[PDB]
Amino acid sequence: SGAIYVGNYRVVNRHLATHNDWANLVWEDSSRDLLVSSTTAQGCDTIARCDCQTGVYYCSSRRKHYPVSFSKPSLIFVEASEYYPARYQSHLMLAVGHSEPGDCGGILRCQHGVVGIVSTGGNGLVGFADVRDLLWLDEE
Ligand SMILES: CSc1ccccc1CC(=O)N1CCc2nc[nH]c(=O)c2C1
Ligand SMILES: [Zn+2]
């Protein structure tokens with residue numbers, strides 16, 4: 001579990017969104033595993049606006065933050081999980097690292113701010129849903 005809290009937005013994995021998220025929906029995209037809902041309180045996270053390929057992510061199944069090198073956001077085939085069939089997920093970045101299903105939502109960050117959230121795992125890889133192209137998170 002986990003979310004990004006930027007401005008009056010809450011960014012979560014679409015597959016972990018609650019009824020309150022769907023009832024206060026701003027935007028969702030199944031191909032990216034992302035959903036954004038509106039918040040009453042302002043958040044403290046800042047979004048990175050960059051092409052970094054090194055950063056640090058939080059792994060809840062180890063209570064640890066790990067430094068990683070990660071690929072550029074791409075269209076990647078992901079095997080079937082409890083939430084999606086085997087399919088192509090877009091705007092996904094891969095790194096070598098530990099990730100169990102419940103690790104989804106953990107933040108990946110670089111020197112500029114939040115880069116994305118854990119979305120996929122298995123085979124000793126971790127995948128992150130990028131948010132750096134969502135410029136509108138910084139306004140309204
Ligand atoms: C944090 S997500 C996670 C973590 C550990 C295990 C499973 C998940 C869900 C997930 O994304 N799967 C299902 C398992 C799987 N196995 C091999 N290759 C893959 O591409 C996948 C994709
Ligand atoms: Zn960066």
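Counting from 1, the numbers follow the sequence of the chain as shown. We count ligands from 1, going down the list as the structure has it; atoms in each ligand are counted the same way.
The single protein non-hydrogen atom nearest to atom 17 (C) of ligand 1 is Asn123 ND2, 3.4 Å, given as residue, atom name and distance. Of all protein heavy atoms, the one closest to atom 1 (C) of ligand 1 is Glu100 O, 3.1 Å. The single protein non-hydrogen atom nearest to atom 5 (C) of ligand 1 is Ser99 O, 2.8 Å, given as residue, atom name and distance.
If you check each of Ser81, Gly121, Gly122 against atom 14 (C) of ligand 1, the one with the closest non-hydrogen atom is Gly121.
Of all the atoms in ligand 1, the ones that sit under 4.0 Å from a non-hydrogen atom of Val78 are 20 (O), 22 (C). The atoms of ligand 1 that sit less than 4.0 Å from any heavy atom of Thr120 are 1 (C), 2 (S), 11 (O).
The nearest pair of heavy atoms linking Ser37 to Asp21 is OG-OD1, 2.8 Å.
Side-chain contact annotation: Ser31 with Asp29, donor-acceptor N/O pair under 3.5 Å present. With 3.5 Å as the limit, one finds a donor-acceptor pair spanning the side chains of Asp103 and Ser61. Side-chain atoms of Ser30 and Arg87 include a donor-acceptor pair closer than 3.5 Å. Looking only at atom types and distance, the side chain of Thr54 has no donor-acceptor partner in the side chain of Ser69 under 3.5 Å away.
By the 30° and 60° cut-offs, the orientation of the rings of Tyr83 relative to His15 is tilted.
Here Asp103 has no heavy atoms under 4.0 Å from ligand 1, in either its backbone or its side chain. At a heavy-atom cutoff of 4.0 Å, ligand 1 is contacted by both the backbone and the side chain of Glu79.
To the nearest 10 degrees, the Zn ion (ligand 2) sees SG of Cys110 and ND1 of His112 at an angle of 110°.
For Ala80, the closest heavy-atom approach to ligand 1 falls below 4.0 Å.
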Next item on the list: Using the side chain to side chain contact (heavy atoms under 4.5 Å, CB included) rule, take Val11 and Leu34 through it: C-alpha gap first, then chi angles, then the decisive distance, then the call.
Entry: CA-CA 7 Å; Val11 187; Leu34 283 182; 4.2 Å; yes

